[PDB]
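Below is one structure, written out as structure tokens; the observations come after it.
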Amino acid sequence: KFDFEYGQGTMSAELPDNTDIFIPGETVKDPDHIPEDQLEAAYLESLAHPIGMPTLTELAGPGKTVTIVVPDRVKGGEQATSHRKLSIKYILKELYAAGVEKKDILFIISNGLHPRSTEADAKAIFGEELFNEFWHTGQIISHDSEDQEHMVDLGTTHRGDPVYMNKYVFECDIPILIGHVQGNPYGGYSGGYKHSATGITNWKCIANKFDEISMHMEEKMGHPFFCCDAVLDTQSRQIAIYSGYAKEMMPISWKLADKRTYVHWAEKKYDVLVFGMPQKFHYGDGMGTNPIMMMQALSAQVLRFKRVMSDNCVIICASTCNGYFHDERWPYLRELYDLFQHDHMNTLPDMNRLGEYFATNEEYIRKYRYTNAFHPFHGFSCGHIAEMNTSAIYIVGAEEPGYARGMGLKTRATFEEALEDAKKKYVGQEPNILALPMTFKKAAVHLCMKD
Amino acid sequence: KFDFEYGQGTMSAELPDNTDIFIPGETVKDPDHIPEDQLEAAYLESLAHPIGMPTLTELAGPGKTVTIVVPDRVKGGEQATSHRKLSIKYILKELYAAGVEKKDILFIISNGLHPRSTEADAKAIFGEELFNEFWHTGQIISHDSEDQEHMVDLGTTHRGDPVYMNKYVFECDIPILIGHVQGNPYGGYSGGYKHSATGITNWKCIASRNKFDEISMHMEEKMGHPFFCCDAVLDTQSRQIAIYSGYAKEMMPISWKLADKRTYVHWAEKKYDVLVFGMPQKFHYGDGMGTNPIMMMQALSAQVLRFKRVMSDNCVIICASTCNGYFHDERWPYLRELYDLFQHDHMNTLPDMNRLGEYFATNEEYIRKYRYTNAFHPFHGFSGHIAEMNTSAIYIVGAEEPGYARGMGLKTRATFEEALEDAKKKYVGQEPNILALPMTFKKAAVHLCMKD
Amino acid sequence: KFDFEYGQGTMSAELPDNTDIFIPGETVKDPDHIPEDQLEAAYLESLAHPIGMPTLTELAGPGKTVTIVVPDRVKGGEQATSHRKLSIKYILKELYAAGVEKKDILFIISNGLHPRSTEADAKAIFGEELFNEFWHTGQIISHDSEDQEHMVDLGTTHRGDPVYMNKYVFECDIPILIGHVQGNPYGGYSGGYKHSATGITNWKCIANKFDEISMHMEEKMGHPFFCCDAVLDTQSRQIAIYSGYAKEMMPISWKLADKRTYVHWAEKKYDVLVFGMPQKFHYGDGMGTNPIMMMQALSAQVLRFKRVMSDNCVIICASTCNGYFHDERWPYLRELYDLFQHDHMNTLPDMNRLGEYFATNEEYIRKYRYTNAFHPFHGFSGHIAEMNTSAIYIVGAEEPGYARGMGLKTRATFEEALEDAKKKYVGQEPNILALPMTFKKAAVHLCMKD
Amino acid sequence: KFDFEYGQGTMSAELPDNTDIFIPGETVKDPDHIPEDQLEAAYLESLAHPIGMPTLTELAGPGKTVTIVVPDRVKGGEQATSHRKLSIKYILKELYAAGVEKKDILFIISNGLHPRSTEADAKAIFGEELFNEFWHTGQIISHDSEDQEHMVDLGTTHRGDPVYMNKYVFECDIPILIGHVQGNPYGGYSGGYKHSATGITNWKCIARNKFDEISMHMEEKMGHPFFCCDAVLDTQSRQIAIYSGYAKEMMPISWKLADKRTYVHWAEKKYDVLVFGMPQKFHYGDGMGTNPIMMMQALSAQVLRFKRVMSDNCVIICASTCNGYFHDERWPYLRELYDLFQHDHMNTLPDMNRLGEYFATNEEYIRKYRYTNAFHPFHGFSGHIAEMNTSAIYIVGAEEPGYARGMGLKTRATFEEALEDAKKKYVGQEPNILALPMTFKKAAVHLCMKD
């Protein structure tokens, strides 16, 4: 028997004995994580030896404003020794040694279009010491992209891309960027320039691009971003820490992140891909039950396992489509689904023309600003890759399969039924089945062939 | 760290080392079940030696109408060799050896107020062989309390109890009962005369341990022939321990002699103060019991009734559940209106709602949904107050819409540790005795008692 | 038998004979109120002898604009000899003697987030003479914190608190503050710097803090506030009148307000606290039936009687929970209750994050400005009852679903609730304390005799 | 200052010194009641001294079905020694001494159109001992006008009145009645044949001579007369005399003593203004003082009571919290009735009677009457005297005065303001005022001229 995440618990599937298992922490081991007693030495050596920049003790002085940009709770570790906490601690120590007071240093959570961080979210991000040190003084701020009184206009890049920036990060003397270099389904990395281009701008600037936008910010500001990026493994444990100028550091970190993300394990090309998504993963609770977020997750899974899989791919998923449109967090997705169903739109890519219609809605913008919900444009920042490539996608165990059927996904009730239907219709009676347990509870990797 | 059921998965809790763990079967062993090989001999011996009744061959003759009453899907087994399947199979073999026509055998699924069984439910209850052999012939009928053309008003007992019983059972020449002798929170075992008194009666005969026996004996007196019971005692994993068949009235004490040994566990050394468990979404009555506020209160009241003899008077109950507000309105269409009436009336407690029971059992739309949609009868909710007077505080941990748990009188918190700290603050003190019950709603529950 | 306020009338409770009664003023007598024959002398001596400031005759002249800040109807006396009326009368006499004309003097009712005063509210606050003298010329104004063209920006204090101020009180040559020195459940007092901080600001300035904000206003204006505050007793009768600079006079008034507010009477720690809330108390009609205002009142009662009460204290309350949201006065509290019930809100504090969501609502702001309703941020300006008491019983409720949705226990009669509490929490020998008319009087903080 | 009931508490009024105060029991003393010690002797003497039938021993024998008809909770005391409890207890003692089985005794709560009594109501009516002895056996049944399987169509009287009777009372061998003889606004009395005609009849039999004719038709159809045990009550519902026997011949004797109580001679001047207040809970129950139609009923009752003491320029000033609290759980039909009054050609209340048969046949309201313990929909049509006689009716202190204005009643904010307006317009500057400060809390009496 095989155990796949099903909403909150686990669905059991009786797959043929030719099934293979890939858990990206056990099948192929990641590069060794830095031991917890060598983390201080690694951080000190990285901060004291930046790439294409002087040390923090050289760029800091008394009265020089410092803004530290910290990512939100979507990605990265939340443990007692995560990259964010240690990096902030040692950066603060360096700045205090340089002669910068605590009253000046400001912290900004860079969500961009993700919901603004609450008190509990900041507690989980910064820990227990930084939380008590800075939150009550008003020195920890969540980035608001609709606050026209805190957004500055930098003009347009050489390619005509508009650039809007946070005012707080624009008026400081020392801008510090903290990011986690981790893989993305599209092939890019969530390093320094991508983090600055995504988490500091607004929806207009989001609608090679990231490098241009971040370089435009650096030119307008007058001082380049000091980025301290850590290469994370599947358990969000730092492997290497690279600090300094983002442009000359990003390739250095990528040369090692390619070792972790791209796993050469495949010996054959598979026909059936079996997994399941729990209710709460990635963007938060309700992702595994909201149809549009399910489509995005399935598209990411298709992108990640494209090389390992054959032409007529078949994807079997175990998710609880109870129709749970998490509405305190995605207040616009019900209208999005209704517009998709009750219009002339044959496929998801036909929805893009409504993006500016949703990003400018007053009620959803108010909910984004004050209720801690997603920005209405986040649904258009994808879903179409799932529709192509795969012959059929099965959503087994759904509670309201009408929502999974309205997205174009086939619906069944048990893994064996869906597998038998796929064998009868698409993949024949001898399918190469690949089972992915805990594919959404870990940092997913791009599977490739040993060729 | 301890693990508890939470909706579908598992919520983890950090509890002090003094916490004690109880599993119904793993901690204290149930009496040994008969092995799968000896089910043959045990069933044949039980059928060949009925208690207080002649053997079924004597009861059967050519051209005799036989009605076999099979319980619902709530709690009966459903393994490969469950009691229902084996008992039905051997009864059918013996009846065929008695020369009884196959067209005179009729199966009645006795639900009473539980939803009528569909094709999949009937298949799961009866096994694929019996489902293929009998379903398409039309010989498997779910009991319908509101089918007035197929219900017979017997009259009244001596205690003013109206009696209405299925006409199919009334007109048969051999009534056979299939029953599982399993414990109840109140103490009256669920197999025997209770099965006949509850499963083939309408809500008026339920609205009114001696009551069930009186009603069933009145049924036997009116019919002229007693029910032929085939009751099996089950353990936590729904495995047979002993099989008793014959006259229900005289066989019931014999079955109880072993059901008491199974049900009443004697593992205890201290009077515990805090009871910790969790509600899965699907248990007992089906999917949605762990999120429906009324059904959550019912389950909590059952848990209070089971463990009251091991718990103190300032006890605190901490349960993990996902109070989504998911009433499962396709299966309990009356519970949303019931909840609204609870909130929007002069009702301080749940027992104040019983005066509306006759109001709900007579609703035309809910009765239609019960008959044709496979939903619960509207009077099931009124057939739940022990928790709100026995316990000092009841905590619902990890609720997704904590308004429903608060509206029923239960406190709400976010994590097990937070609720335990609050309870230690106010109710049980900083040095409590904790009893943790993982997999309490996944296994057949038992009554806990002091060792002495 | 015992009589407790129940909505509009009274519920009767057969409490055991060991029950104790505390009524403010009646049980322990307050300091003697100034006789009506000495009020003129007291006011004249206070105004002629200010603290840290000179007399109104020494600061006033011909053409110098004067703005008099007067509190709203929530607190203070509405009698024929209340502090507001007499203070305004004698201040006007002094100013007229100095040389200031009536055409210039302006009156501002400082509510802040409380509803703007209507014609009848000004009636009750000011009296016949001042009403007829000043309202019909448009010289009595109710403070509007949402009026962007009548609010000025003073920047941000040294600690990081933004300061918004009323324009009328900013452009005047002589700002005069009238406040009442009365106790608060949290420990602080009303009137003085607190009145100016919470009265003529907006919700952003409200979200030692009051001292910093008020000193920032005084620095920006250049004229310190001339505060004339009277220490009130349980019947809103003046005990002492202190005039002058607020910073150097607040301790002087506090040294005597501590004598009245802090009553050392207890001889034992009580287990059960029994009282009842009428429908109309404090913030107006519907407070005793609105679940959120009920929770606020219960929290205030918990704060006031914390020292007299045991660790396992049980509160029994008699209120008519008819679900009567005074939707013409609290248009937002139904949405607030629905958000509390239908979201991931385990407790009331978890709702604070929605404060900025409500304070910026356009419809509720319009209703606050023009309909005379509460500002939507007043609700977020609660948990103490949940943290402290083992159980809270709301007896006599009409729709107990609302009292249950707040986390409170619901019963039907005092005896049933008392028996339940005895069986569950407080045992069979509880120290019961009964508070008749605890919401119809100026409540006091009960302390221990020793 | 004067005090009046106002919702739940008391509104205070400033009235001139010429105002006269009347309290039914205190101003003029009722005839002396029998003491609590002599209740036993008086009850035994009354039971042993019938007024036209043989004693209860003669009617009783082995195997006799006895049906005892107990009035509703609307009227009559609920003290420790109320008439219902004592009469039932002594009747049961006599029947047991006569050899009547306990299983052949059945109690019927005669409500007729009032809501069916619940468990708590039955407990309060019957006393704890009798409730424990008889309720759980199933021997206490509330009358159900719409229970067609338990209703018998007796036939028709000579006036065309149709007669429908409770089947339980019809088949019994001894029908016994418990009744309280206290006055009505119309001049009748609530005990005697009226109890039979109203309590155990449906709405068709309801839509002084009529009650007697219907009850005597019932007696002639059953073959045996009702055995009545009627008690005269004072303001505090205390017994003055107990009359038992044939109702037709006993009724004048009971009336001879009820006249001395109901009619009070305390008038020396023709009063002009009548001042009182409606409490929230009185007569029919909670919500009578706030429901506009029940407020009109109460005002009409007051007008009928005090019409012989007041002039022809009547002004009625009443304090009530008319907040629109219809108590829809007890009067579910009154909101629709109010809407039909407002939104049709109804100029006055008596114009609505043509819809009475429309409401009494409603299925939803009948279901709520049978199963939810609400009023029968025809109760509201069983109200025009107030608007006919009084020149102006003032509702003082209403919280939603739209309902008081919609029924034709003037609305003001305070007692003094309404009195000033009435003096200005109707009664002049020198009126005669009669103040009733406990009119709705005590059993009302009919005021009359002293001469």
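Naming scheme: A, B, ... for chains in displayed order of the structure tokens; residues 1 onward per chain; ligands 1 onward as shown.
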(message) Can you pull out every residue from range 173-363 of chain C that DSSP, working from the backbone, puts in alpha helix (DSSP H), and format the result as a PyMOL selection string?
(response) chain C and resi 193-199+203-206+209-221+246-261+291-304+333-341+355-359+362-363
(request) Compile the contact shell of residue 59 in chain B as a ChimeraX atom specification: residues with an atom at most 10 Å away, counting only C-alpha atoms, same-chain residues fewer than 5 positions apart removed. (result) /B:53-54,64,95,98,173-174,225,228
Any idea which chain C residues end up within 7 Å of chain A if we count only C-alpha atoms, as an mmCIF file with N, CA and C atoms, in the first residue's frame please?
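Result went into selection00.cif, see below:
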```
data_model
loop_
_atom_site.group_PDB
_atom_site.id
_atom_site.type_symbol
_atom_site.label_atom_id
_atom_site.label_comp_id
_atom_site.auth_asym_id
_atom_site.auth_seq_id
_atom_site.Cartn_x
_atom_site.Cartn_y
_atom_site.Cartn_z
ATOM 1 N N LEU C 354 -8.522 43.687 12.757
ATOM 2 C CA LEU C 354 -9.525 44.258 11.871
ATOM 3 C C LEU C 354 -9.841 45.711 12.198
ATOM 4 N N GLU C 356 -8.232 48.667 11.792
ATOM 5 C CA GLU C 356 -8.054 49.580 10.668
ATOM 6 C C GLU C 356 -9.024 49.276 9.537
ATOM 7 N N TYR C 357 -9.522 48.040 9.466
ATOM 8 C CA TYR C 357 -10.529 47.714 8.464
ATOM 9 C C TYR C 357 -11.833 48.444 8.743
#
```
(message) Taking 5 positions as the minimum chain separation for residues in the same chain, which residues sit within 7 Å of residue 246 in chain D when counting only C-alpha atoms? Answer as a ChimeraX atom specification.
(response) /D:51-53,226-228
(message) Distance cut-off 8 Å, counting only C-alpha atoms - which residues of chain C neighbour chain B? Return them as a PyMOL selection string.
(response) chain C and resi 311-312+340-347+389-390+397-402+404-407+409-412+420+424-425
(message) Just checking: using only C-alpha atoms, which residue out of B:38, B:281, B:444, B:432 ends up closest to chain A?
(response) B:281
(request) Could you list the residues in chain B lying within 10 Å of chain D, using only C-alpha atoms, and format the result as an MDAnalysis selection string? (result) chainID B and resid 159:160 208 344:346 355:360 362:363
Export of the given selection (N, CA, C and O atoms) as a compact mmCIF listing (two decimals), in the first residue's frame:
```
# COMPACT_ATOMS: atom_id res chain seq x y z
N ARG B 159 -48.03 0.47 28.91
CA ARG B 159 -47.46 1.71 29.41
C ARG B 159 -47.79 2.90 28.53
O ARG B 159 -47.12 3.94 28.62
N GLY B 160 -48.81 2.78 27.68
CA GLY B 160 -49.15 3.85 26.76
C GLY B 160 -48.10 4.10 25.69
O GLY B 160 -47.77 5.26 25.41
N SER B 208 -41.43 7.93 22.81
CA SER B 208 -41.87 7.56 24.15
C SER B 208 -40.69 7.09 25.00
O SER B 208 -40.68 7.29 26.22
N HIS B 344 -31.61 31.43 18.35
CA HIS B 344 -32.56 32.54 18.24
C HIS B 344 -33.84 32.31 19.02
O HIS B 344 -34.92 32.73 18.59
N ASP B 345 -33.77 31.65 20.18
CA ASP B 345 -34.95 31.43 21.00
C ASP B 345 -34.56 31.55 22.47
O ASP B 345 -33.39 31.77 22.81
N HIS B 346 -35.56 31.41 23.34
CA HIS B 346 -35.36 31.48 24.79
C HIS B 346 -34.85 30.14 25.32
O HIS B 346 -35.42 29.53 26.22
N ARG B 355 -39.05 20.27 23.13
CA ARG B 355 -40.43 20.62 22.86
C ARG B 355 -40.71 20.87 21.39
O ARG B 355 -41.88 20.88 20.99
N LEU B 356 -39.67 21.05 20.57
CA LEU B 356 -39.83 21.20 19.13
C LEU B 356 -39.63 19.89 18.38
O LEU B 356 -39.67 19.89 17.14
N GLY B 357 -39.42 18.78 19.08
CA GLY B 357 -39.17 17.52 18.40
C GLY B 357 -40.32 17.10 17.51
O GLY B 357 -40.13 16.78 16.33
N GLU B 358 -41.55 17.13 18.04
CA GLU B 358 -42.72 16.83 17.23
C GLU B 358 -42.89 17.83 16.10
O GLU B 358 -43.56 17.53 15.11
N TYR B 359 -42.31 19.02 16.24
CA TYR B 359 -42.34 20.00 15.16
C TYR B 359 -41.45 19.57 14.01
O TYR B 359 -41.77 19.82 12.84
N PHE B 360 -40.33 18.91 14.31
CA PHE B 360 -39.39 18.55 13.25
C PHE B 360 -39.73 17.22 12.61
O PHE B 360 -39.60 17.06 11.40
N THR B 362 -42.46 15.99 11.89
CA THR B 362 -43.62 16.08 11.01
C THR B 362 -43.38 17.00 9.82
O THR B 362 -44.32 17.26 9.06
N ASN B 363 -42.16 17.50 9.64
CA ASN B 363 -41.88 18.38 8.51
C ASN B 363 -41.95 17.59 7.20
O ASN B 363 -41.34 16.53 7.08
```
(request) Would you work out the distance separating CA of residue 8 in chain C from CA of residue 316 in chain C, expressed in Å to one decimal? (result)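 Atom-to-atom, CA of residue 8 in chain C and CA of residue 316 in chain C are spaced 17.7 Å apart.
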(request) Do me a favour and pick out the residues of chain A within 7 Å of chain B, using only C-alpha atoms, as a ChimeraX atom specification. (result) /A:8-10
Within 8 Å of chain D, which residues belong to chain C? Use only C-alpha atoms and report them as a short mmCIF file (atom, residue, chain, number, x, y, z; two decimals) with N, CA and C atoms, in the first residue's frame.
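Final file, result21.cif:
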```
data_model
loop_
_atom_site.label_atom_id
_atom_site.label_comp_id
_atom_site.auth_asym_id
_atom_site.auth_seq_id
_atom_site.Cartn_x
_atom_site.Cartn_y
_atom_site.Cartn_z
N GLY C 7 -32.37 44.89 32.85
CA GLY C 7 -32.88 45.54 31.66
C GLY C 7 -33.42 46.93 31.93
N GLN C 8 -34.63 46.99 32.49
CA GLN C 8 -35.26 48.26 32.84
C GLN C 8 -35.80 48.19 34.26
N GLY C 9 -36.12 46.99 34.72
CA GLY C 9 -36.72 46.81 36.02
C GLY C 9 -35.79 46.19 37.05
N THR C 10 -36.10 44.97 37.48
CA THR C 10 -35.35 44.35 38.55
C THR C 10 -35.66 42.86 38.60
#
```
Mind checking which residues fall within 10 Å of residue 356 in chain A, counting only C-alpha atoms, ignoring those fewer than 2 positions away in the same chain, and posting them as a compact mmCIF listing (two decimals) with N, CA and C atoms, in the first residue's frame?
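Listed below is the output, part_9.txt:
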```
# COMPACT_ATOMS: atom_id res chain seq x y z
N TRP A 203 1.47 45.67 -8.39
CA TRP A 203 1.00 44.74 -9.41
C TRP A 203 1.34 45.22 -10.82
N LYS A 204 1.40 46.54 -11.04
CA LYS A 204 1.74 47.05 -12.37
C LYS A 204 3.15 46.63 -12.77
N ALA A 207 3.01 42.71 -13.63
CA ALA A 207 2.32 42.29 -14.84
C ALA A 207 3.27 42.26 -16.04
N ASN A 352 -6.81 36.19 -18.55
CA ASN A 352 -5.80 37.22 -18.31
C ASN A 352 -6.30 38.62 -18.63
N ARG A 353 -7.20 38.77 -19.60
CA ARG A 353 -7.72 40.08 -19.96
C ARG A 353 -8.46 40.75 -18.81
N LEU A 354 -8.91 39.98 -17.81
CA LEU A 354 -9.60 40.55 -16.66
C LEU A 354 -8.66 40.92 -15.53
N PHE A 358 -9.44 43.13 -11.97
CA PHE A 358 -9.45 42.68 -10.58
C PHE A 358 -8.46 43.46 -9.74
N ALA A 359 -7.29 43.78 -10.30
CA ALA A 359 -6.26 44.47 -9.54
C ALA A 359 -6.67 45.87 -9.12
N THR A 360 -7.66 46.47 -9.78
CA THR A 360 -8.11 47.82 -9.47
C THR A 360 -9.42 47.84 -8.69
N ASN A 361 -9.93 46.68 -8.28
CA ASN A 361 -11.17 46.64 -7.51
C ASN A 361 -10.95 47.26 -6.13
N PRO A 376 -5.61 41.17 -5.32
CA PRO A 376 -6.47 40.57 -6.36
C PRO A 376 -5.73 40.21 -7.63
N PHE A 377 -4.55 40.76 -7.87
CA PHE A 377 -3.77 40.44 -9.06
C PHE A 377 -2.95 39.17 -8.91
N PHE A 380 -3.35 36.34 -11.35
CA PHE A 380 -2.97 36.52 -12.74
C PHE A 380 -1.46 36.65 -12.94
```
(message) Give me, as a VMD selection string, the residues of range 52-233 of chain B that a backbone DSSP run labels strand (DSSP E).
(response) chain B and resid 66 to 71 105 to 110 140 to 142 151 to 156 162 to 166 174 to 181 228 to 233
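Distance check against residue 287 in chain B using only C-alpha atoms: of B:275, B:74, B:143, B:260, the minimum falls on B:74.
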